[PDB]
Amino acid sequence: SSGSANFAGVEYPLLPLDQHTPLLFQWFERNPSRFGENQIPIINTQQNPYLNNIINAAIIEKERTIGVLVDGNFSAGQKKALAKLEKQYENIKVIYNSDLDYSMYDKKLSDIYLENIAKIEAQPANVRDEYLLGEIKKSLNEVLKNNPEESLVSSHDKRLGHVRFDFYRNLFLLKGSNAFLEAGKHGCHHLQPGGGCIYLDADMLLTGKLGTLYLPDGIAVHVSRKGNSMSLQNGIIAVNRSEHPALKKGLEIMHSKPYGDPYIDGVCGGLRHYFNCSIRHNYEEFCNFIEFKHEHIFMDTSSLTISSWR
């Protein structure tokens, strides 16, 4: 521990994330056919040189495990290319999302709907959200018509866009360093069970070594300052431990809300609940408090060109 930062009447120690804390990048590919059969299936265009950025981060942080969480229907040659990348850079560990078991974070959709119907019925009739009650009842009806066993994981798994890799990003960060050991990644000499993790968007250009970070209660996230507004953002998520209470609270919210969003609820909601940033608090002050800052990271370079999913 170093100093401390105040927010909403609570004093938070700036907890350390040592230099052995692993870095984490993520590539979930919807269209693996846009790469060669023996190509590394991670985008690497002039506008989005993301494979190059990852390799540059692995070269700069030579004494740090660099995890690449990948997903998509990859061809055999593409997987062999990923293994070749793992061999060309010792610290790069490729983790296939399908090799991780996320069932311990799952919940039945019908259970969420039933609990919400009970909790709307348990409140005085003059304040019940009746429109929401109706929408939850239609959602449950459709679940019973199409797949009664539908769950958070399975429903998000069927998504084809950013929501899916947001969801799995949060779950992986809950696993923390433990995900590396669960996937059988050998030679991760520095990883401790229960260790943390620093997730970075691939467009977060490292220009130097990160050293040791000091974050309030051991967590910080990106703050986008595009144009005249600012917003909490999951483009960077640094935690000093597995099962971090802020991300665990985001998962709690998603277990309780009928239509929880991995970003709005799993990240922003969890942070604001954990740190007591209500709608009556200053959102800008909280952004300044929780912001992940670093002089050796050129942040969100995808805004100089085009977004890879937009």
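All residue numbers are counted from 1 along the displayed sequence.
Which has higher Cα B-factors on average according to the PDB entry: 274-282 or 258-266?
-> Higher mean C-alpha B-factor in the PDB entry: 274-282.
query = Taking the recorded C-alpha temperature factors, which stretch has the higher mean, 176-184 or 117-125?
reply = Mean C-alpha B-factor is greater for 117-125.
Q | Candidate residues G195, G161, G77, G235, the one whose C-alpha B factor the record puts highest | A | Answer for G195, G161, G77, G235: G161, with the highest C-alpha B-factor.
Margin query: Sorting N97, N240, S103, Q88 by Cα temperature factor from the record, which one lands on top?
Written below: Going by the entry's C-alpha B-factors, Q88 comes out highest.
- Query: Lowest, middle or highest third of the chain for the C-alpha temperature factor of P22?
  - Reply: Its C-alpha B-factor, which the entry lists for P22, ranks in the lowest third among residues of this chain.
>> Looking at the temperature factor on the CA atom of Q47, which third of the chain's modelled residues does it land in?
In response: Highest third - that is where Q47 ends up once the chain's C-alpha B-factors are sorted.
Legend entry - Position of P148 among the chain's modelled residues by C-alpha B-factor, lowest, middle or highest third: Tercile = middle for this residue's CA B-factor.
By the recorded C-alpha temperature factor, relative to the other modelled residues in its chain, which third is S33 in? Its C-alpha B-factor, which the entry lists for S33, ranks in the highest third among residues of this chain.
(message) Ranking every modelled residue in this chain by its Cα temperature factor as given in the entry, which third contains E130?
(response) For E130, whose C-alpha B-factor we compare with every modelled residue in the chain, the answer is the highest third.
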